[PDB]
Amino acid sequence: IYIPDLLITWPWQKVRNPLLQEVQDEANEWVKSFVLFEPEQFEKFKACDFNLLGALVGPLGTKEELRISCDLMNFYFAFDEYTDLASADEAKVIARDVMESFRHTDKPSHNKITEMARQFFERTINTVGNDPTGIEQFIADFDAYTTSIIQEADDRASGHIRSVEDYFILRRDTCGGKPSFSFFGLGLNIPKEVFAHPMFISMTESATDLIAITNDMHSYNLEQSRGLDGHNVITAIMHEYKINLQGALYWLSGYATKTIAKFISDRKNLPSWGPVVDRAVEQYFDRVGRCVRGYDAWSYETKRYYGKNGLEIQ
């Protein structure tokens, strides 16, 4: 099997924040203070290695900025664990309380996950400053993310094979790209009208697809090993186009090439909103660029470790 590099045409290159190993400890301290880690649960947690992910995607900056980058990825883990054996309606209330903790960090929390959420976002606004419009964008993205996951666990145990179109509509919210992008953009004070511009949304959608499909390609070998390969884009493509695994990977390479080319073209054709926000929007998608590359780096290294492997029998 030949596995194409879906990001060969993605200009942003992999860079590890050097300040890791200097926040990796106090970051792992913080999380354990909120999660009663069982043995075997601490394993797969640290075998995922969410702090490295923060170092690959977050701004290259102060030790405090790498701090909040580590908390985001760790908070995503903690939120999923805290709501693991919760029902749909309970999960929706928990997510709504988490979003209230983000909106008002001055108000006190009422449980482990609202306190975690309150601390992490209070730290973030200390480091990054006030950003009314950015904060609203992030909470809106966090809401669409939590909804998609809670309501996909409500769909689970069903015999329908998802089409390629329906795979993307769901995975654009489930993969957690959108709230990662809007979080790393906090402080840029981008106006609400720019976030609602179709070319902003279009570039956001293209970058999310790349996070979803790279994650599925890099995890597919693992997934198909133990019948976890049912919700993968490769399975959707093989089923819908009646082609073998090799075919579906060439297909993704084509799909990826068009997606990247439209991301870059849309960047070059954005409207101007004057010099100040233009620099902000320039910086925003620079951060998205680093984020897509950083997810692909981490998602390749962790879900099939080895070295520079390119051909397997699976």
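Residue positions are given as counts along the sequence shown, with the first one as 1.
Would you tell me which stretch averages the higher CA B-factor in the PDB entry, 270-278 or 40-48? It is 40-48.
Mean C-alpha temperature factor, higher of 62-70 and 282-290: According to the PDB entry, the answer is 62-70.
Among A95, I161, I243, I201, which carries the highest Cα B-factor? Checking the PDB record, the top C-alpha B-factor among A95, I161, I243, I201 is at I161.
Per the entry, which of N232, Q119, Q151, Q137 tops the list for Cα B factor? Each of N232, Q119, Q151, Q137 was compared by C-alpha B-factor; the highest is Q151.
CA B-factor ranking of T127, expressed as a third of its chain: Highest third - that is where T127 ends up once the chain's C-alpha B-factors are sorted.
Compared with the other modelled residues in the chain, in which third is the CA B-factor of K178? Answer is lowest: the recorded C-alpha B-factor places it there.
Record-listed C-alpha B factor of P191: chain third: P191: CA B-factor falls in the middle third of its chain.
What third of the chain, by the recorded C-alpha B-factor, contains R226? It falls in the top third of the chain.
Is the Cα B-factor recorded for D155 in the lowest, middle or highest third of its chain? As the PDB entry reports it, the C-alpha B-factor of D155 lands in the highest third of its chain.
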